[PDB]
Amino acid sequence: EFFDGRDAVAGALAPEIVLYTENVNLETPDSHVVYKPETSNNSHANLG
Amino acid sequence: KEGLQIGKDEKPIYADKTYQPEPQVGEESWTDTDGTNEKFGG
């Protein structure tokens, strides 16, 4: 996935930040969650 | 004019001045981004 910049004008858009994206077998063998803002998995508020 | 609005039932309930806003209670969100108009009190 490629990102350029918010203010970039449509004329000259070039890659600025590459970002590899994948899936992993994420697990938490020795921890749990104490604050879960929203029920929906993978939401913005859930970042905290 | 009454003050901060806490609970709506409409006749919204306005914070009791004797104790509310309880100093202990505060918004618990750094990823809030609520937007619109963020009225706050203390």
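Below, the discussion takes up the overall build of chain B. Broken down by element type, chain B carries zero helices and two strands. Seen along its three principal axes, the alpha-carbon backbone of chain B occupies a region of about 30 × 25 × 20 Å. Buried residues in chain B amount to 5% of all 42 residues. Only carbon and sulfur atoms are counted for the fraction: they give 51% of the accessible area of chain B, which is about 4000 Å². The centroid of the 5 positive side-chain charges in chain B is displaced by 11 Å from the centroid of its 10 negative side-chain charges.

Our focus in this paragraph is the environment of A:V18. Residue and element names in this part refer to chain A. Its place among the elements puts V18 in strand β2 (residues 17-18). You can call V18 partly exposed: its relative accessible area is 46%. Setting aside its immediate chain neighbours within four residues, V18 contacts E1 and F2.

It is worth spelling out the interface of chain A and chain B at this point. The interface of chain A with chain B comprises five residues on the first partner and four residues on the second. Roughly 380 Å² is buried in total at the junction of chain A and chain B, and carbon and sulfur atoms are behind 55% of that figure. Looking at the side of chain A facing chain B, the largest losses of area belong to A:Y35, A:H44 and A:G48, adding up to 70% of the total buried there. For the interface between chain A and chain B, the tally reads zero salt bridges. Taken together, the residues of the side of chain A that touches chain B break down into three nonpolar, two polar and no charged.

Attention now goes to a nonpolar patch on the surface. On the surface, A:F2, A:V18 and A:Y20 cluster together into a nonpolar patch covering about 420 Å² of accessible area. Among the structural elements, A:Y20 can be located in the segment after β2.

Residue and element names in this part refer to chain B. Topologically, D32 is positioned in the segment after β2 (13-14). Here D32 is buried and forms no salt bridge, its nearest opposite-charge partner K39 lying at an N-O distance of 13 Å. Excluding its chain neighbours within four sequence positions, the residues that come into contact with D32 are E27 and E38.

Our focus in this paragraph is unusual backbone geometry. Residues and elements named next belong to chain B. Of the consecutive residues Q20 and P21, the connecting peptide bond is found in the cis state with omega at -5 degrees. Checked against the element boundaries, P21 lands in the segment after β2. Phi at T33 is positive, roughly 45 degrees, even though this residue is not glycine. Along the polypeptide, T33 turns up in the segment after β2. Unlike most non-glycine residues, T36 shows phi in positive territory, near 60 degrees. Among the structural elements, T36 can be located in the segment after β2.

What counts, and where the lines are drawn
Numbering of residues starts from 1 on every chain and follows the written order of that chain's sequence, so it may differ from the entry's own numbering; residues lacking coordinates are omitted. A letter from A marks each chain and a number from 1 marks each ligand, given out in the order of writing. Working note: chains shown belong to a larger assembly, and all values are for the shown part only. Excluding hydrogens and water, the side-chain figures rest on all heavy atoms present in the structure. Strands here mean DSSP runs of E at least two residues long; helices mean DSSP runs of H or I at least four residues long; both are numbered from the N terminus. Partly exposed describes any residue whose relative accessible area lies between the buried limit of under 20% and the exposed limit of over 50%, with all areas from a 1.4 Å probe on protein chains only and scaled to the type maximum. Calculation of accessible area relied on Shrake-Rupley with a 1.4 Å probe; when residues are assessed, cover is drawn exclusively from the protein chains displayed. The positive count covers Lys and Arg only, the negative count covers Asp and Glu only, and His and the chain ends enter neither. Just so you know, the charge point we use is NZ for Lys, CZ for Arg, CG for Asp and CD for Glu. Whether two residues are in contact is decided by their heavy atoms, any of which lying within 4.5 Å being enough. Simply put, the buried area is the total loss of 1.4 Å probe accessible area from both parts when two parts are fitted together. Salt bridge, as used here: a side-chain nitrogen of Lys or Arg that lies within 4 Å of a carboxyl oxygen of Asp or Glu. Polar here means any residue outside two lists: the nonpolar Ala, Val, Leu, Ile, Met, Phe, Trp, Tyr, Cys and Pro, and the charged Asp, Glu, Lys and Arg; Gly therefore counts as polar. Patch rule: a residue counts if its relative accessible area is over 30% and it has no salt bridge; like charges are joined within 9 Å, and nonpolar side chains (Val, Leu, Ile, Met, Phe, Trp, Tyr) within 5 Å.

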